[PDB]
Structures are given as structure tokens and as C-alpha cells.
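# Chain and residue survey
If you want the building blocks of each chain, they are given just below.
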Amino acid sequence: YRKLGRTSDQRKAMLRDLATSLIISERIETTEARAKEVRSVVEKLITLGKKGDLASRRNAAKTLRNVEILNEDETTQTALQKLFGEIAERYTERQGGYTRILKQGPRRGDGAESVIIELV
Amino acid sequence: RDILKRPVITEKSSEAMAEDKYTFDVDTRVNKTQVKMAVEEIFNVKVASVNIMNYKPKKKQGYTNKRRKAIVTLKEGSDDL
Amino acid sequence: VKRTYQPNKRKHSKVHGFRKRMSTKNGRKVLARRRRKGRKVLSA
Amino acid sequence: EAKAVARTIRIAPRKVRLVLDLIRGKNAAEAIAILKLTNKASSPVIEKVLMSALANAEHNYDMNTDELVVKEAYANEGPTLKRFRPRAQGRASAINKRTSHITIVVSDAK
Amino acid sequence: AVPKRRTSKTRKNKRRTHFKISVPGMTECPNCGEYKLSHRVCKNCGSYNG
RNA sequence: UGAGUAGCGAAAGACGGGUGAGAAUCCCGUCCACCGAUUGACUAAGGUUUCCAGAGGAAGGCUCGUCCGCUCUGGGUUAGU
RNA sequence: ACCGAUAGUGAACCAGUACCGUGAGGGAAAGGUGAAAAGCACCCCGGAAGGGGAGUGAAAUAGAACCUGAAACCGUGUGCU
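Residues numbered from 1 in each chain as written, not as in the entry; some residues may be left out. Chains lettered and ligands numbered in written order. Part of a larger assembly, values for the part shown. Heavy atoms only, no water. Residues with missing side-chain atoms left out of burial classes, pairs and counts.

For this deposition, the record names cryo-EM as the technique by which the model was determined and cites 2.9 Å as its resolution.

Shown next as C-alpha cells:
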């Protein structure tokens, strides 16, 4: 229910970019207003990856982005392959609450309070 | 004659182009035909080609002097200064 | 819009040049006044 | 009591005085934490002047930092720099860049 | 639109009464020992222990 | 004095590394976005060293700055057609 | 029985020069450490700037934004209200 000082066309792209950067790094820094909304967006992508059906694999591709992760090097599994894989096998018994927010204080030059969001 | 003033020593002139080309500083009123005759007489060499170019004063309040550097290509012989 | 002054190297020397101020008696009286005042630039 | 002066700083005096009221009369250990976690542009500069005054208390003299309190803190005005901003229809409006003099005094009250 | 009269020092100092700065909420950290903003992360150590 | 008031000059950015006393603003990488009878590529007039490299942050840059068309040092323009 | 740095020539400083105009033309602001540089070796905080000691000197509230230092204006403490 937040706009983040952006238009409807930019508020959707920036959310798709923040959700994919987290699944790759597993820990990122941002502002508090962006962390409380990206929170609900990433917690629903893991819910789809825990069902396994092909129909769910195609709905997650509408929000995910095409990005390669060479660290694994096992065919450079795409961001969507990491989901349904490494990430889907960790929260099997956990029902909700896959993220945690941490505060760090205001940042110089802008006054915005930095936050740390990570996957539990 | 007294037309050459100073040899040029730089990376472009010394490290490169020094294999067969030599750079000098000539008077601001001499053509490339008088630089070929002067080089041979003083250095006892045979010049094959000669290029010349002009430089304008640079602000440094006052301006630096204007320069004229020429590059000579010798057929036989070496300066080895 | 188009401003009043448009630089031109040749037109500036043909109208206010040193050789054109010497072609006229009135023009010569201009250089005599600038010399008498101590200006560093005489023409152009 | 030891003193330290920072001369010709490029922050307006009115802005420096806003943070000087939060530390005047406090302790030398609680004033450093206040200046750090604050988010004003005058905090880093004011803190470096207080760290050099506590060093002067134990090197020139010999006073233990445990018995040091902020006695006096104030800022004065320095020379100004006159600048001009172009406006509409060929007008110009002057702009002032002000400087400040920061002074800190620590004492043990003895 | 434009001020009719200049402002005196007595009047100027009364308007700036509430133009003050706030004191942050800081407490001593259980493990760092330094001061810390409540609900934040100790800059000195990095521990929160929520 | 007005007053810590008006304004800060058309526009899409996000995150991960690096540097450092100090990073929303500098460097590298990956996504995203805009122009494309064009914001692309060549050339007259005019300007006159603004061009390259290493080293700097007082002032100038409507914020910041480790960066620069800014400061210091040394370089750069080759014709019988 | 002339001026003494807003005075005296526009110019006590490298001035018909910064700057302004297409041009003919118009045109400023800027003096003073000490008798002697004897211009603060060295230690400390700091990336620097700056500062606190030490030292020079008769004097450094004489440290080159340097003789004397008035008013407007901006700050801190306090007796009465």
C-alpha cells in the first residue's frame, strides 16, 4: 500500500529487481520503506517454490528476472532454478516468516535510515 | 649552421622514434631545406627525410615562447648522441 | 533568439584594423588619442 | 581546564550552535556518544575539537579523563565570502558563505 | 506581501524559542559497552540479540 | 531584518564488489530504462590548450565528492598529391 | 601659517592595468610585523586545516587575513525583575 515516490510502472520494476537481488545474495542493504514492502513480495515467491507443480513454476517466472549465478557453476543455475531448489528445501517445515529486518541508523548525505534484510 | 637549438628528450622521441629518427629544435625562420644541410654538416650524416611543425605560445600572467621542432630521418649513419 | 553580436575574424580586422585606421586622416587622429592616453592596445 | 579552538570552519554559526546546546555542561564521556549518533552536519567537526581538548588535558597538564567535564562551549563568527547568483531578466542576488570559530573548555571542577 | 516594519531582537528571540534540536534515544549496549540507539545495531560490535 | 523562509534549471533507476580518514553521488560488474531523419557518425564559422598521463581537494561545481571542462607537474598537432 | 591614504594627480600598489562596449570611448579597488627574520627546532591531538605546550623577542592580545583597533551586529556567564 506504499508508493515510494514512484509511478505504477516504476514501482513494479524496482520491486522485481529487489526480490531477485536478495535470492542471489541472501542479504542486502536498503531503506526501511523499501524493506517492508519487498518483504511481502519475496515471501510469496518461496510459497510458490514449495508446491513444485509446473503451473507454479510459470507464475514465478512473471516476477522473477533472468540472472545467472556462476558461484554454483553447476550450469550457472538461473535465479528461478535456485528457487524450487536450494531455497525450497530449507523452509519445508517453516510456514511463514522467511525474512528478518535489522536497523542500522541514518546514513550520511541523505538522512535515510539504512536497514538490512536477510532470509532466515 | 647555428640553426639547431636543443635536442628533444621525451618518451615519444627517446624511447620511441629514436631507432632511426632524431628530433631537434630549430629557429623560427628556417625551412626544412636548411635543416637537412645543417644536420649533415655538423653531424656528418646523410638525411633521407625531414618533417617540421609549429607550436604556439602557451599561457603560464604571461605566455611561454613559441617552438618549432623538426624530425629528420637518416639513410646512412647514426647520431648516437 | 539570434543575438546582436556574431563573431567574424575577417570582418573585425577590415573595419577596425590597424591598416584601415591609417587610410583616413580621422582614423589617424584615433591612434594619436590612444597613444596620448597610454593604451596598450591601439587598434582591433 | 584545557581549551581547544577550531578556526575558520565553513559551517554557518546558527547551525553549529544547535548542537552546542546538547553537550554544554555534560560529561566528557557522554558528550562523545551524543555527537556520534547524531545526524547533523556539524557533529563530526565538533567532535574532533573535543577530542583534541581532552588530549591537551593529559599531555600538557596531567588530568585524568575520569574527572573531566565540559565547562564552556560556544561558537563565534568568522570572515564571510561574498558570492553572486544570477536571477531572471538580468538581475543578480548576493549569497553569503559564513564561517565559525568553535571553542571547547574541559575542566575537573577543582 | 512585504514586511511593513523591521523585526526587533526581542521579537526575533521569542519566535526561535521552540527551534531546538532533539536528544536521541541512546542506552549502553549489553556487550559493546558503548552507547547505542534503541532498536538499532551496535556500530562498535555488530550484535543485537533480539 | 524578512529567515533557517523561497529556490536548488524538463527525464529511471536498483543491488553486489573496490577504494578511502569520510561514499545515495567516484571506479568495475550484472539487470532495468530512454533516443535511434536520432541524444548516433563526419565536417564550415567561432572559441583558443578546454586534448593525454601521474599527483591533489582550499576556492569554483546551486547537495555530496576520494571525482572534474577546477589546482600542480610533465607531455601531445609530422603532407610534392 | 599646501594634502597626509574616502585626502593629494584617475594611478604612493608595476594604473590608463583589473573589468565594460562591435567600435569611437568609459574605468576602479589594493599603503604600515620587528631595532634586528632573530618567521615558532622539538613533543602532543588530527588525513589535512587548525590548535595546546616549548622556544625567539623588550612585548607573539607584535605569528605575515600581522602598529593603534571605535560603532553597528553576533555570542557566553551572572545580581534584580
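Structure shown, so let's carry the discussion forward.
### Some details on the state of the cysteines
Residues and elements named next belong to chain E. To be explicit about the condition: Defined by distance alone, a disulfide is two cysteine sulfur atoms within 2.5 Å. Secondary structure elements follow DSSP: runs of H or I of four or more residues count as helices, runs of E of two or more count as strands, with numbering from the N terminus.
Under the defined criterion, the tally for this structure stands at one disulfide over all chains. Across the disulfide, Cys-32 is cross-linked to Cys-42 (sulfur-sulfur distance 2.0 Å). Taken together, the positions of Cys-32 in the loop between β1 (26-28) and β2 (35-37) and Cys-42 in the segment after β2 put the pair 10 residues apart, joining distant regions of the chain. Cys-45 carries a free sulfur, and the closest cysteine sulfur to it, the one in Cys-32, is 4.7 Å from it.

### Looking at the interface of chain E and chain D
Our working rule: The contact criterion used throughout is that any non-hydrogen atoms of two residues lie within 4.5 Å. By buried area we mean how much accessible surface two parts lose on assembly, using a 1.4 Å probe and totalling the loss over both. The salt bridge definition used is simple: a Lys or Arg side-chain nitrogen within 4 Å of an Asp or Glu carboxyl oxygen. Within 3.5 Å is the distance limit for a polar contact, defined as a pair of N or O atoms, with the added protein rule that one can donate a hydrogen and the other accept it, and that residues adjacent in sequence qualify only through two side-chain atoms. Polar here means any residue outside two lists: the nonpolar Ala, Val, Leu, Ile, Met, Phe, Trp, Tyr, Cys and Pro, and the charged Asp, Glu, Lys and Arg; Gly therefore counts as polar.
With nine residues of chain E in contact, the opposing surface of chain D contributes 10 residues. Buried area between chain E and chain D, summed over both chains or domains, comes out near 950 Å², and the portion from carbon and sulfur atoms is 79%. For the interface between chain E and chain D, the tally reads zero salt bridges. On inspection of chain E and its partner chain D, the count reaches zero residue pairs in polar contact. Counting residues per element, the side of chain E that touches chain D draws most heavily on β2(E), at three residues. Classifying every residue of the side of chain E that touches chain D by side-chain character gives six nonpolar, one polar and two charged.

### Considering the protein's contact with RNA strand G
Basically, it comes down to this: One heavy atom within 4 Å of a molecule or strand is enough for the residue carrying it to be called near that molecule or strand.
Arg33(C), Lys37(C), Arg39(C), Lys40(C) and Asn60(D) are the nearest of the 27 residues found near RNA strand G. Close to the protein, within 4 Å, the atoms of RNA strand G belong to sugar or phosphate groups at a rate of 74%. The contact in question runs from a sugar or linking oxygen of RNA strand G to an N or O atom on the side chain of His16(C), over 3.4 Å. Between RNA strand G and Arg17(D) there is a distance of 3.3 Å, counted from a sugar or linking oxygen to a side-chain nitrogen or oxygen. Of all the elements in the fold, those that place two or more residues in the surface near RNA strand G are α3 (25-37) of chain C, β1 (2-9) and α3 (43-59) of chain D together with α1 (9-15) of chain E. The greatest single-element share of the surface near RNA strand G, amounting to six residues, is contributed by α3(D). The residue makeup of the surface near RNA strand G, split by class, is eight nonpolar, six polar and 13 charged.

### Looking at the arrangement of the chains
The pair of protein chains exhibiting the most contacts, out of three pairs of chains in contact, is chains D and E. At the C-alpha level, the nearest point of chain B lies 24 Å from chain D, with no contact between them.

### Notes on the side chain of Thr103(D)
Checked against the element boundaries, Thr103(D) lands in strand β5 (residues 100-107). Not counting chain neighbours up to four residues away, the residues in contact with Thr103(D) comprise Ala4(D), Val5(D), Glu72(D), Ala73(D) and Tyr74(D).

### Things to note about α3(D)
Residues and elements named next belong to chain D. Rule in force here: Here a helix's expected span is defined as the number of its residues, less one, multiplied by 1.5 Å. Relative accessibility decides the category of a residue: with a 1.4 Å probe and only protein chains considered, values under 20% of the type maximum give buried, values over 50% give exposed, and everything between is partly exposed. Picture the helix axis, draw a direction to every C-beta atom, and the arc is the one those directions span.
For α3, which comprises 17 residues, the first-to-last C-alpha distance of 25 Å matches the rise-based estimate of 24 Å (1.5 Å per residue) to within 8%. Taken residue by residue, α3 has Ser-43, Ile-46, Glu-47, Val-49, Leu-50, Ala-53, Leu-54 and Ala-57 as its buried positions. Mapping the buried residues of α3 onto a view down its axis gives an arc of 160°, with all of them on the same face. Set apart from the buried face of α3 by more than 90 degrees, the exposed residues are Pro-44, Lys-48 and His-59. Taken together, the buried residues of α3 touch β1, α1 (13-20), α2 (30-37) and β5.

### Regarding the protein's contact with RNA strand F
Taken together, 43 residues lie near RNA strand F, and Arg108(A), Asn51(B), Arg14(D), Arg15(E) and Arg16(E) sit nearest. Protein-proximal atoms of RNA strand F, defined as those within 4 Å of the protein, fall in sugar or phosphate at a share of 71%. Measuring from a sugar or linking oxygen of RNA strand F, one finds a backbone N or O atom of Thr7(E) at 3.1 Å. Those elements that place two or more of their residues in the surface near RNA strand F are α1 (8-25) and β1 (27-31) of chain A, β3 (46-54) of chain B, α1 and β3 (81-86) of chain D together with α1 of chain E. Residue composition of the surface near RNA strand F, by class: nine nonpolar, nine polar and 25 charged.

### Description of the nonpolar core
What counts is decided by this rule: As used in this record, nonpolar core signifies buried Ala, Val, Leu, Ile, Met, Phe, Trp, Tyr and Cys residues forming a set joined through side-chain atoms within 4.5 Å.
Counting 32 residues, the largest nonpolar core has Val16(D), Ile23(D), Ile46(D), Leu50(D), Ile104(D) and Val106(D) as its most contacted members. With six residues, the top contributor of residues to this core is α3(D). Sequence-distant contacts of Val16(D), defined by excluding residues within four places in its chain, comprise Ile11(D), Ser42(D), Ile46(D), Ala75(D), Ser100(D) and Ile102(D). In terms of nonpolar packing, the next biggest core, distinct from the first, is built from 22 residues, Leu18(A), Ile23(A), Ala60(A) and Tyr91(A) among them.

### Regarding the environment of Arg65(A)
Residues and elements named next belong to chain A. Following the sequence through the fold, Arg-65 ends up in the loop between α3 (54-60) and α4 (79-82). For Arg-65, a relative accessible area of 32% corresponds to the partly exposed category. A sequence separation of 51 residues divides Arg-65 from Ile-116, and the C-alpha atoms of the two residues are 22 Å apart. Once you skip the residues sitting within four places of it in the chain, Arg-65 turns out to touch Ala-13, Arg-16, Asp-17, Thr-20 and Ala-79.

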